[PDB]
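For reference, the structure discussed in these notes is given below.
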Amino acid sequence: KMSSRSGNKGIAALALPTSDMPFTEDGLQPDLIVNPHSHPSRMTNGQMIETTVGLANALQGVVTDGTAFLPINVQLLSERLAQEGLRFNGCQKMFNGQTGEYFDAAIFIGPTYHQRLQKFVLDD
Amino acid sequence: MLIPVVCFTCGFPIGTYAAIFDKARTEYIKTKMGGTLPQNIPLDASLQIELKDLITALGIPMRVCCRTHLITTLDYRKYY
Amino acid sequence: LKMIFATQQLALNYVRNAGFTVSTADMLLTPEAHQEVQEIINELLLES
Amino acid sequence: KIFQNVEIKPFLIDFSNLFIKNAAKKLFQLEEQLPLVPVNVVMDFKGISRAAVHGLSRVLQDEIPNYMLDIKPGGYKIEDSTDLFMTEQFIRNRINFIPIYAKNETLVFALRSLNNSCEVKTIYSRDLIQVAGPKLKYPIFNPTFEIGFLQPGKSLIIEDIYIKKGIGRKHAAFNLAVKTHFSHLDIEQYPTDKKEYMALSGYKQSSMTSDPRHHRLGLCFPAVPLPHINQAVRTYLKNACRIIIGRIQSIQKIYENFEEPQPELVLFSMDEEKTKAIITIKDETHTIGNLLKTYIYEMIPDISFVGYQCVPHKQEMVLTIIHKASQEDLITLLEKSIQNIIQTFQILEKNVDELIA
Amino acid sequence: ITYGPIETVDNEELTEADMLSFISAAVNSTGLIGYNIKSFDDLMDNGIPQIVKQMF
Amino acid sequence: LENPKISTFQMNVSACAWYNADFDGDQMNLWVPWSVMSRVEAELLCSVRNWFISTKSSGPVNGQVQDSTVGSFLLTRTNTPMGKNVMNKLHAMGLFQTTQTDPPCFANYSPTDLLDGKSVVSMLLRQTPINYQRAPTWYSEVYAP
Amino acid sequence: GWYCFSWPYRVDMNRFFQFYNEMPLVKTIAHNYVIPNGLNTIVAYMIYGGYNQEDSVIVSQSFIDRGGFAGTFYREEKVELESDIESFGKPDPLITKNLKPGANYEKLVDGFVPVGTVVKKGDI
Ligand SMILES: [Mg+2]
Ligand SMILES: [Zn+2]
């Protein structure tokens, strides 16, 4: 079981080799693939803002503060991405690792801090 | 307990520059602050210094994963 | 049950060429559309 | 000439940056480049399917035989490994992932470290000593890696550090190349900075109808000797081509014995006119399945069905063909397709010889 | 004590990130675990002797 | 599952409605009948096809969830941002290379022929032909203005 | 995470030490007072074959091999003795009754298994 800092927890179900994972035009590939259907009902919007902000942090070379109740502006954070050479939405062109074919849609990919929960399958 | 030998995500060998990067980052942040006590320097203020061009000078590419793992990894020798 | 499985593989194999994502920019109102929400909210606080 | 215009660019340290220069000089007495550097290779292919280019990329990533450093059992000397934080699991994981460029498996190394000081001492890869095999004229790994750190008065002794062989598909310490670029040059693109097109890939054709045949592929190799970049890159490319040819020939040797009953090939006569073939190869991947399907489809444009499957929990590749011919004619077409694959990759290897000087 | 007139204080450049230093000061004085050791020090300094002598 | 590194009970996501389960850490029990009498009645009486219709409500229990709901919409959608929602013969054949049914016949199709998504779905629903006519969830009076 | 900095001096039950930890790219004020335990994983928010449905994730096998969320797990034991009745030592089957069936006594030296040997199910 893993989890992000917004309380979005899940079970590792599949592990793929390197040649089987999706990759972007610049070769970026994920460590984790989480389902977009985990978002709309749980409304964990701070996890998506963290991916937006941290994506520009990594290219800038900095660690910033995202404490609760500080002033935020998702419009101005999304313009920071464009200033760094990325798209406004933080989405990229991706390819299927198994066939080599590109999706007809840009994929939202970026860094999100995750945790391993101490619930081990070998013990249960 | 150290910066990993390779990037966790792609496998680029970021660990051949880890020692140089750590020392050079220390020197660079000290230059940017200008000789202040380690406790009188806030943790937040030193993390806002841009290390883009230092990492570029090490020869490490512009990959999101490699710079993330080179910049954020905690060092056990500085906590124990 | 055999049809649920078969139509589920058709749908999944279609999306492995089409893609489906969600981003932070999907939940963001346009600057002029933000002012329209504020006007609707002020009308409620005026009637209140 | 299937692939032209290669570009090779090593990743080098910029010593004009003062902070990097000072840190390097005072840590390793390093004023020049390191013995081994990463190399970025960008290749353009023309007149070829993306099944072939992507199969080449997949093999070069994690299906090519590669080498790593491992520890033989009992090599971690518990008796005189007084340090308690530098456990065997941690140090072994550190050592497995050092990139090496080794030319024989007879070499053996050792680590014999003592902390006879009052501070924490750092172990670097320059502290590995060769204890067996012929003496190295050139290094096989860089001397700048951090392997561990010892508390005051502690030691770490590891014997029997040998060179192991494998493929990155089984353990990722045998991975070779990292992806840096992939694109098709015969499909036009939108400007996707405009907020009108930023939800789309950028290509002007759907991937459900486009058939590109002009590609650009970029891969980075992690540790290559500085005076032999072209030779190392050439060797890697040739080995990838040879690996693919070998696996296709393994399938070929199954196809030809369609008279003798085989557990890997099944032929049905579904009707008076239609024949069905099912090929099940254990431990095969999407590389061969995709290549076989693409070339069978190019040979028989009017086929009833061709498709393959690699279910993750089955560890096998199953290829299904349904065609309106007799069994002998179907086998003839299949052999023709496999020959086309072999010919394409032989041309690729000959072009590699011509291009990289 | 008399405090200076409130109409001459410069706070227009106080930001919400400036206000987190108050939280920093509060935690630094208090400590994350402050009361648990103060209470035991009082028990070892003023509670046990008084409870042994003047109660039984 | 012959991979020795797997310790989980695995199932299809559309079977979770029978047990009211999901994949955030739930545990389920499993026992295998060894007796002949217990094995006969497991297969004839207690198979999960007998619980496809609810006893409580008398309606169906299983169906698509979340990826096949939105992936069936994307497949049968008439227009895509790229134009018409069509694929060529190779990609239409590829949609069926996993369904574990008998493949359809594409022999009356050329490599450059285009097939709509509704054409591909019909190749699957021909085996069990039914009649259906309603309006989708997609069409809403709320969104219409 | 690093559950304590004196783990090698302790004999604990069901404790996990995770080797590698990171500071979040978007940190908060709480990371001025506790050690962060987690990693800055790259996450793609997408549909990939239906294996991340209903709170599941797809993991990179390479990420696992490289030590992402890897660590060491500990279990302790405590067996006591009676005054002059019981003692520690390798049992002799001929003069000792009720030896546990199928149990491997060949690992014992001087009553305890030596440090560094792998114990299996059924071993003494
Ligand atoms: Mg649950
Ligand atoms: Zn990387």
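Every number in this text was worked out from the coordinates using simple rules, so none of it is lab data. Using ideal geometry, Cβ is built from the backbone for each residue, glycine included, and neighbour counts are taken over all protein chains shown.
Need the list of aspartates and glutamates near G:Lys78 for cross-linking: C-alpha distance under 18 angstrom, and skip anything on the same chain fewer than eight residues off.
G:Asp12, G:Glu86, G:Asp110, G:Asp123
Running a GNM on chain F with Cα contacts under 10 Å, which residue among F:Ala135, F:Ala92, F:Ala107 ends up with the highest mean-square fluctuation?
Ranking F:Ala135, F:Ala92, F:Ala107 by mean-square fluctuation puts F:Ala135 first.
What percent do you get for the relative contact order of chain B when only Cα pairs under 8 Å and 6+ apart count? Each step should come with its number before you reach the end.
Working: 58 pairs, mean separation 38.3, N = 80.
Computed over chain B, the figure is 48 percent.
Order of G:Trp7, F:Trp138 from fewest to most other C-beta atoms within 10 Å? Could you put the intermediate results ahead of the total?
Details: G:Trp7 16, F:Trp138 8.
Going from least to most buried by this count: F:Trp138, G:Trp7.
How long are the three semi-axes of the equivalent ellipsoid of the range D:136-213, in whole Å, if each is the root of 5 times an eigenvalue of the C-alpha gyration tensor, listed from largest down? Please list the in-between numbers first.
Values: eigenvalues 481, 72, 33 Å².
After scaling each eigenvalue by five and taking roots: 49, 19, 13 Å.
Please compute P(r) over all alpha-carbon pairs of chain C, binned at 5 Å starting from zero, and give each bin as a whole-number percent.
5, 15, 11, 10, 10, 9, 8, 8, 9, 9, 6, 1
Compute the projected area of the convex hull of the Cα atoms of the range D:158-265, averaged over all viewing directions, and report it in nm² to one decimal place. Show your work: numbers first, answer last.
On the way: hull surface 57.6 nm².
Averaged projected area of the range D:158-265's Cα convex hull equals 14.4 nm².
Along the charge dipole of chain A, which of A:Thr52, A:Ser38, A:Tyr102 sits closest to the positive end, that is, farthest toward it, with unit charges on the beta carbon of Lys, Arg, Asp and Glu (+1, +1, -1, -1)?
A:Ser38
Wrap a convex hull around the Cα atoms of chain D, take a quarter of its surface area, and give that in square nanometres. Before the final figure, lay out each step's value.
Numbers: hull surface 100.3 nm².
Seen from a random direction, the Cα hull of chain D projects 25.1 nm² on average.
Based only on other Cβ atoms within 10 Å, what is the fewest-to-most ordering of F:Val61, G:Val34? It would help to have the intermediate numbers written out before the result.
On the way: F:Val61 16, G:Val34 9.
Exposure proxy ranking, most exposed first: G:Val34, F:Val61.
How about the range A:67-124: which chymotrypsin sites (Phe, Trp or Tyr not before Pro) there lie in a loop by DSSP and see at most 13 other Cβ atoms within 10 Å?
On the way: sites: A:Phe69, A:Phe88, A:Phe95, A:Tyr102, A:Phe103, A:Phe108, A:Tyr113, A:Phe120; in loops: A:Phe69, A:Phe88, A:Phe103, A:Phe120.
Those satisfying the criteria are A:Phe69, A:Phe120.
Rounded to the nearest 500, what is the protein assembly as shown's calculated 222 nm mean residue ellipticity when only DSSP H runs of at least 4 contribute -39500 (n - 2.57) each, over all residues? Mind dumping the intermediate values first?
On the way: 23 runs with 266 residues, N = 934.
Calculated mean residue ellipticity at 222 nm is -8500 deg cm²/dmol.
Based on the Cα gyration tensor of the protein assembly as shown, what are the three equivalent ellipsoid semi-axes, each the root of five times an eigenvalue, rounded to whole Å and given largest first?
Details: eigenvalues 464, 293, 249 Å².
Sorted largest first and rounded, they come to 48, 38, 35 Å.
Among D:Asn230, F:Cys105, A:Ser6, whose Cα sits farthest toward the positive end of the charge dipole of the protein assembly as shown (+1 at Cβ of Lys/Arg, -1 at Cβ of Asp/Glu, about the Cα centre)?
D:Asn230
Calculate the all-directions average of the projected area of chain F's alpha-carbon convex hull, and give it in nm². Before the final figure, lay out each step's value.
On the way: hull surface 60.4 nm².
Result: 15.1 nm².
If R₀ is 56 angstrom, what is the calculated FRET efficiency for the pair D:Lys336 and G:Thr96, using the beta carbon separation as r and rounding to 0.05? Don't skip to the end; give the middle numbers.
Values: r = 75 Å, r/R0 = 1.34.
That pair, D:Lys336 with G:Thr96, gives E of 0.15.
Would you report the distance distribution of C-alpha pairs in the range B:9-68 as whole percents per 10 angstrom bin, up to the bin with the largest distance?
The distribution over the range B:9-68 is 19, 49, 26, 6, given as percents.
Whole angstrom only: what separates the Cα centroid of the range D:214-289 from the Cα centroid of the range B:1-63?
After rounding, the separation between the Cα centres reads 44 Å.
Rounded to the nearest 20 Debye, what is the dipole magnitude of the range D:291-357 about its Cα centre when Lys and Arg each give +1 and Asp and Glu each give -1 at the C-beta? Walk me through the numbers on the way to the answer.
On the way: 5 positive and 9 negative charges, 52 e Å.
Computed about the Cα centre, the dipole is about 240 debye.
For chain D, calculate the relative contact order in percent as a whole number, restricting contacts to Cα pairs under 8 Å that are 6 or more residues apart. Each step should come with its number before you reach the end.
On the way: 642 pairs, mean separation 71.2, N = 357.
Across chain D, relative contact order equals 20 percent.
So between E:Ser24 and E:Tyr3, what do we pick up on full extension, going 0.36 nm a residue minus the alpha carbon distance?
Working: separation 21, 0.36 × 21 = 7.56 nm, distance 2.52 nm.
Between E:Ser24 and E:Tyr3, full extension yields 5.0 nm more.
Beyond 19 Å, what share of the Cα-Cα pairs of chain G remains, rounded to the nearest whole percent?
Details: 5394 of 7626 pairs.
Of all Cα-Cα distances in chain G, 71 percent exceed 19 Å.
Could you give log10 I(q)/I(0) at q = 0.20, 0.23, 0.26, 0.28 Å⁻¹ for chain E, computed by the Debye formula over C-alpha point scatterers of equal weight, without solvent?
These q points yield log10 I(q)/I(0) values of -0.86, -0.95, -1.00, -1.04.
Considering the Cα trace of the range D:1-153, what is its radius of gyration and what is Dmax, both in angstroms?
20.1, 66
Among the listed pairs D:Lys77/D:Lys164; B:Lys30/D:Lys25; D:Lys253/D:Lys276; D:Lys103/D:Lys350; B:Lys52/D:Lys25; A:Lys119/E:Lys38, give every one whose C-alpha distance is greater than 26 Å. Spell out each step's value before the answer.
Working: D:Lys77/D:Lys164 20 Å; B:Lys30/D:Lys25 19 Å; D:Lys253/D:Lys276 19 Å; D:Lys103/D:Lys350 24 Å; B:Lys52/D:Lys25 21 Å; A:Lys119/E:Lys38 36 Å.
Pairs exceeding the cut-off: A:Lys119/E:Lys38.
Could you state the number of Å between the C-alpha centres of the range C:2-16 and the range F:1-72?
18
If N is the number of residues in the range D:79-141, what value comes out of its Cα radius of gyration divided by 2.2 N^0.38 Å? All intermediate terms of the calculation are to be shown ahead of the outcome.
Details: Rg = 13.6 Å, N = 63, 2.2 N^0.38 = 10.6 Å.
After normalising by residue count via 2.2 N^0.38 Å, the value is 1.28.
Give me D:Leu60, C:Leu46, C:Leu28 sorted ascending by neighbouring Cβ count inside 10 Å, so fewest comes first.
On the way: D:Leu60 24, C:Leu46 7, C:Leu28 16.
Ranked by crowding around the Cβ, least crowded first: C:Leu46, C:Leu28, D:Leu60.
Using Stokes-Einstein with the Kirkwood hydrodynamic radius over Cα pairs, what translational diffusion coefficient do you get for the range D:232-355 at 20 °C and a viscosity of 1.002 mPa s, in µm²/s rounded to a whole number?
Values: Rh = 15.4 Å.
For the chosen part, D equals 139 µm²/s.
What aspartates and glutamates could a cross-link reach from D:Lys165, if we take a straight Cα to Cα line under 13 Å and drop same-chain neighbours fewer than 8 places away?
Reachable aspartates and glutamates: D:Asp62, D:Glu63, D:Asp70, D:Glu105.
Over chain F, what relative contact order in percent results from Cα pairs under 8 Å that are six or more residues apart? Before the final figure, lay out the partial values.
Values: 69 pairs, mean separation 25.2, N = 145.
Computed over chain F, the figure is 17 percent.
Would you mind checking the tilt of helix C:2-18 against the longest principal axis of the Cα atoms of chain C, expressed as 0 to 90 degrees and rounded to 10?
60
For labels at D:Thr82 and C:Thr30 in the simple 7 Å Cα→Cβ model, what's the distance in nm?
Between D:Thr82 and C:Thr30, the simple spin-label model gives 7.3 nm.
How many nm is it between the label spots at F:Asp113 and F:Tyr143, if each spot is 7 Å from the Cα in line with the beta carbon?
For the pair F:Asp113/F:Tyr143, the computed spacing is 3.3 nm.
Based on the inverse mean of 1/r over its pairs of different Cα atoms, what is the Kirkwood hydrodynamic radius of chain A, in Å?
Details: mean 1/r = 0.0615 Å⁻¹.
The Cα-based Kirkwood calculation yields 16.3 Å.
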